[PDB]
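Just the one chain here, laid out as structure tokens, in the form deposited in one PDB entry.
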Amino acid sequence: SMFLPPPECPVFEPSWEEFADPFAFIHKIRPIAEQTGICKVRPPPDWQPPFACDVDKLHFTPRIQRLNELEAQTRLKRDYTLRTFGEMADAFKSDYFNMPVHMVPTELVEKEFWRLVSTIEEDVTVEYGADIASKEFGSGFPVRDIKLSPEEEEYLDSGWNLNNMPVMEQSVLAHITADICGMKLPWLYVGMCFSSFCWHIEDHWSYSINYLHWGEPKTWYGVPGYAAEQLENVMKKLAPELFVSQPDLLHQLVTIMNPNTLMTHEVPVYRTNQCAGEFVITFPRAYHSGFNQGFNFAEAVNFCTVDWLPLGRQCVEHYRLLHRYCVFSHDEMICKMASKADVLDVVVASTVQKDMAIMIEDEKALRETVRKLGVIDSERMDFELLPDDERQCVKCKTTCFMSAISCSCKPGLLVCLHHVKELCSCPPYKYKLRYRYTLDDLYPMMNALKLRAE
């Protein structure tokens, strides 16, 4: 009546057999889970990775958070130990409800969360931790350095050890040579009661997977990928400020918003409570948000399967229309894989080949168009050697790799081939087409992929 909880998302309990290969399992559940945006995965009962750490030696810098619906917050980019944060967090929850923490029902924290973010006369602020792994604070999973016990070595090479799943081969994001620490390295999250993550989708519409190591549960809301734009239209009406253009990736604006508001406007929404030892997985372009029930510790990582490759291209196109910055060049990643075709998995090779074929036909068309605009001079250019901030289209901010237009009039500036009219005022004959590969270089790269795929 005040808050009507959305229906529960799917929950999976795979056998040890199904659980063996994470990528095969995810592909199996995909037709179900992609209809709901998020899903939960319960490992087999004995799969229990050793969590061990000293609570006094792990230090981190707290972030502070105000809890107001529709208020703008910026995406992440004093000092507590894990012990002193835990003491703060438990005392906060205990004093808020005048109860012992394990007696506060999850139903009630959820109802209360949505009450307090909507009421203007309540200025509740909370603190939390969010960072990628480092020397002061490292993965909750076992890693190779210090001598390990025989049980830790069981879990060293697991696919569900989230340090590994970046650099596995059923994935496509791992052969990216370009550093993208923000995207392919695990993030660590220390929660407390009501600390919250705003509605968002992952960069390049990737998957993500989140493991709760220990502590009180984490409440999630998710929207399936097909409803992404309905959600965005609802957000535009109620909070147009979050949609003002922004000069950086470090400046994206996000917000808290009641799922009942979305459901009233006919957006499908699902929920779950994630408990300790459980995985939540999010699918491409699935919006999600949530909040912590109490003191806890989670670890999460982005990833990309072969299924995702077409969506990845559509995402970069969508960023161009929006003038949004990219994290990496998609075409650069495709060509890097093509150049390693002999050592690729064969299903990977087949799917890359299909994306490459589309890339090449689009590039052919674009080059013909700029030639008819009077750009005649051309020269090969190794785009992958340029720092990213040195090869963005002046107009749409896309990261160039296949080709760009330059002019000696504006040294160092580039436009992609969609924005040739936007570089400067000189006539086209003064312009130059800079290209990574000729069409003749490209067709044999694709053929190598076809042979590997048979």
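Note that the rigid core is defined as the largest set of C-alphas that superpose within 1.5 Å between two forms. Throughout, we count residues from 1 along the sequence that is shown.
A.B. asks: Looking at the deposited sequence, how many residues between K77 and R78 were given no coordinates in the entry: none, 1 to 3, 4 to 9, or 10 or more?
C.D. replies: The entry has a gap there, with 4 to 9 residues left out between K77 and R78.
A.B. asks: Counting only residues that lack coordinates, how big is the gap in the deposited sequence between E229 and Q230? Pick none, 1 to 3, 4 to 9 or 10 or more.
C.D. replies: Gap size class: none, per the record.
A.B. asks: If you average the CA temperature factors as listed in the entry, which stretch comes out higher, 124 to 132 or 289 to 297?
C.D. replies: Higher of the two, by average CA B-factor, is 124 to 132.
A.B. asks: Report the stretch with the higher mean CA temperature factor, choosing between 14 to 22 and 442 to 450 on the basis of the entry.
C.D. replies: On average, C-alpha B-factors are higher across 14 to 22.
A.B. asks: Between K93, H323, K236, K218, which carries the biggest CA temperature factor in the record?
C.D. replies: Across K93, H323, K236, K218, the entry lists the biggest C-alpha B-factor for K236.
A.B. asks: Return the residue from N164, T84, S206, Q314 that has the highest Cα B-factor in the entry.
C.D. replies: Top of the list by C-alpha B-factor: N164.
A.B. asks: Considering only modelled residues of the same chain, in which third does the CA B-factor of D355 rank: lowest, middle or highest?
C.D. replies: It belongs to the lowest third of the chain when residues are ordered by C-alpha B-factor.
A.B. asks: Please rank the C-alpha B-factors of the chain's modelled residues and tell me whether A89 sits in the lowest, middle or highest third.
C.D. replies: CA B-factor rank for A89: middle third.
A.B. asks: Comparing against every modelled residue in the chain, figure out the third that the C-alpha B-factor of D389 lands in (lowest, middle or highest).
C.D. replies: Tercile = highest for this residue's CA B-factor.
A.B. asks: Check where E112 lands among this chain's C-alpha B-factors and tell me if it's the lowest, middle or highest third.
C.D. replies: CA B-factor rank for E112: lowest third.
A.B. asks: Sorting by Cα B-factor within the chain, modelled residues only, which third would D342 end up in: lowest, middle or highest?
C.D. replies: For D342, the deposited C-alpha B-factor lands in the highest third.
If you look for the form deposited in another entry, you will not find it shown, but the lines that follow are about it.
A.B. asks: Select from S134, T125, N98, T264 the only position whose Cα moves 2 Å or more between the shown form and the other one when the core is aligned.
C.D. replies: Single hit from the list, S134.
A.B. asks: So the CA-CA distance for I132 and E332 moves by at least 3 angstroms in the other form. Closer or farther than here?
C.D. replies: Farther, not closer.
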